[PDB]
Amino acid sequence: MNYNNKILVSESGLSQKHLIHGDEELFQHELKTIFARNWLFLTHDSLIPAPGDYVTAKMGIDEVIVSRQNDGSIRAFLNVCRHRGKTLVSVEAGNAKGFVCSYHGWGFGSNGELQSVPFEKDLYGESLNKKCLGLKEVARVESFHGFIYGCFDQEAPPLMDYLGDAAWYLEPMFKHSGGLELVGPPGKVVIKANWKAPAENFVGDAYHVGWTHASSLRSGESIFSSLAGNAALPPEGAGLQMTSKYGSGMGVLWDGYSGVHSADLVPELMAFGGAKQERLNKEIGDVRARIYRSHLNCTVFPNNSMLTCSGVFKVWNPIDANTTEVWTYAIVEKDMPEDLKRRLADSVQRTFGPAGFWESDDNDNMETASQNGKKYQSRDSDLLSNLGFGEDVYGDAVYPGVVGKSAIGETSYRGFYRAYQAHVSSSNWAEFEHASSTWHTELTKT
């Protein structure tokens, strides 16, 4: 397939070829043009707070070691020995000044440097240039209010610019709330879906909630519960959708601070969020303080998603075109009482973890939509994302980005897939930029 020419996503992101969820050659191409090029979620400050603390993480299909340095910075390295290529670290988290390879005993520092080689003097003499044998380092590592992302491409925009218009929406919860912590360890489960299926669902799919999650809405008594079985459409002005230049987007459901949490947490959460909102009105204004305590379903392009307020934090780690390893963490506000943080974390896993009853509702939808992308008569078929097209705006006086001023639509699908197609057909960041110079105009046509 010629990725320069092949129209995988139609103009304005209105449709996508179904093969994108099934084609293994395209998956391999995505390793280069999506995962090696873009910012990918690694960890949080709260999981590696002290010098020597490290975790392992996936970046695409690669594995990296992410380590807190003595100077307080974070560096990340391929989890691959520079000698004969053995996996260096076999655990998920710990604290160490370095990592020794179990094959021939080469010792690397937390800073990636090759520090020791067994019997170096007797064996290599002075001929081994250890300075050139440091672990292969992730070129870019940046923080968004404690959330640590990596990028293999030195040419990428800074993480803040990459978030584009989405940053404005995340800031009330990520920054102005006093800060978030990530509660680990994550749940980890393999699903038989393409990574794009859950990514697209979290970025912009409010439509599915009442029908897909009918049973969970009815059983859990959460605050979005009136939606169960499409019994009721959210009122006018119940929310909005947004998307951005580099593909990140989200839905906003006004005031939904208790999110998917079952009735046993609703009063406490609604009290806590409202109290902080009242303080925030004075700082960031009424609208942004309200956004803080509003439910955001967001994908940070390409494969990191979250539900703020619900506190669900996801990585959709790609394995092959029909296999994804799902990592699930909980996010909590740092200044919540510790007992509330614990119960919130358990509730995140209860609803969206490995045995998350909400997440289970989505399984068949994601898996079959993905697997159908391999089926002969469906490869060249068109997945539709036209809901709300022709009603989106850009440059609004209050809400930035490409915005659909309605709670349910496909605005964020279009921006996600516009960015996806621009990357897939480009060889580098410069070409993506050229392919994106009229991004918002394309999305707001008609």
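In case it trips you up, residue 1 is the first one in the sequence shown, and so on.
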*Should the higher mean CA B-factor in the entry be assigned to 92-100 or to 343-351?*
92-100
*For the higher mean C-alpha B factor in the entry, choose 375-383 or 44-52.*
44-52
*In this PDB entry, which of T411, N70, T33, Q421 has the top CA B-factor?*
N70
*Out of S310, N297, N303, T243, residue topping the C-alpha B-factor column of the entry*: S310
*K188's Cα B-factor: lowest, middle or highest third of the chain?*
lowest
*Could you say whether, by C-alpha temperature factor, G273 belongs to the lowest, middle or highest third of its chain?*
middle
*Grab the CA temperature factor for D165 from the record and place it in the lowest, middle or highest third of its chain.*
lowest
*asked:* Using only modelled residues of the chain, where does the Cα B factor of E391 rank: lowest third, middle third or highest third?
replied: highest
*So where's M366 on the chain's Cα temperature factor ranking, which third?*
middle
